[PDB]
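Undergrad: Please see the structure below; I have some questions.
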Amino acid sequence: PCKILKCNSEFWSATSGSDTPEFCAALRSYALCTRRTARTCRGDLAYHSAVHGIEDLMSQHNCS
Amino acid sequence: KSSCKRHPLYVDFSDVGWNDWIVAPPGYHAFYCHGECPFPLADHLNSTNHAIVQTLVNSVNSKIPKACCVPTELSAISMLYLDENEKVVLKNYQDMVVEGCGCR
Amino acid sequence: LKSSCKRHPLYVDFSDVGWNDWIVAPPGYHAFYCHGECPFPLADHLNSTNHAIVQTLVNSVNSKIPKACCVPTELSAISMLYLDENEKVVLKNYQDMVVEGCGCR
């Protein structure tokens, strides 16, 4: 019932692939995918690894 | 160079940021596997036929990497997180602790 | 920069490893092998254990803890021919001989 499996495989298409080449629009959309399945993933390990991982690629690539 | 064996590793959830969702425990002993997989490998109860073949092939052609030292026995742990309307939930998470290593 | 965890080809010639001294058939076989980086993300897609997730996460905070290792997670068996003391052809199925798939552990 936790949709990160969907979200993680969908981003593992865009990045990689084929920095910033051109965006960040793959990171913006994946963050939203997590942000939506947020309620169905309160006790999911990968979900929290995902949410924690996205954050790390956001600051390194300096998007927004 | 040191052989394939288990090593200690305590995971502090605050240090990895998972303290933002895990109520209990504050961390846990996960362990990790490290070390070389050399000839012979059979002295390891856990070493698959492929792990033997790959290692043997490696001794003839250096470009083919050795088998890898990874957990072959794992145990589960109970963890506490918060539910909607901040209720405590207990969940068992599998393959959390390395009980043993082996070449794969 | 550095290639991700995936299966690679590998044909094992039994004469090249000396196992031709006991294996009658086949002359070799396609074993394959796993190689590549296990970086964030890993569950189902790259296929990893909760530990492999935790180890990789820990690695991103403390570089001294190695990343999860790319290893076969699916293996198939092969039939092989050898000779017993009677010097008669015996057929044996050997399990975990072929990598069908990789993952992080």
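The residues of chain C that appear here are 292-396 by Swiss-Prot count, in order.
This deposition comes from X-ray crystallography, 3.2 Å.
Cβ from N, Cα, C; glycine included.
Straight out of Swiss-Prot:
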- C:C296-C:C361: disulfide bond (DISULFID)
- C:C325-C:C393: disulfide bond (DISULFID)
- C:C329-C:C395: disulfide bond (DISULFID)
- C:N338: N-linked glycosylation site (CARBOHYD)
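For each feature listed, report its degree of burial, its nearest neighbours and the pertinent distances within the displayed model.
TA: In the structure as shown, the Cβ atom of C:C296 (disulfide bond) sits within 10 Å of 24 other Cβ atoms.
Within the same chain, residues at least 6 positions away in sequence whose Cβ sits under 8 Å from that of C:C325 (disulfide bond) are C:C296, C:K297, C:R298, C:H299, C:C361, C:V362, C:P363, C:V390, C:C393, C:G394.
The secondary structure of C:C395 (disulfide bond), as reduced to three states from DSSP, is extended strand. Counting every protein chain shown, 28 other Cβ atoms lie within 10 Å of the Cβ of C:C395 (disulfide bond).
Of all the Cβ atoms in the protein chains shown, 16 others lie within 10 Å of the Cβ of C:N338 (N-linked glycosylation site).
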Undergrad: What residue among the disulfide-bonded residues C:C329, C:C361, C:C393 has the most other CB atoms lying within 10 A of its CB?
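TA: Its Cβ has the most other Cβ atoms within 10 Å: C:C361.
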Undergrad: Can you give me the Cα-Cα distance between C:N338 (N-linked glycosylation site) and C:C395 (disulfide bond) in Å, rounded to a whole number?
TA: 6
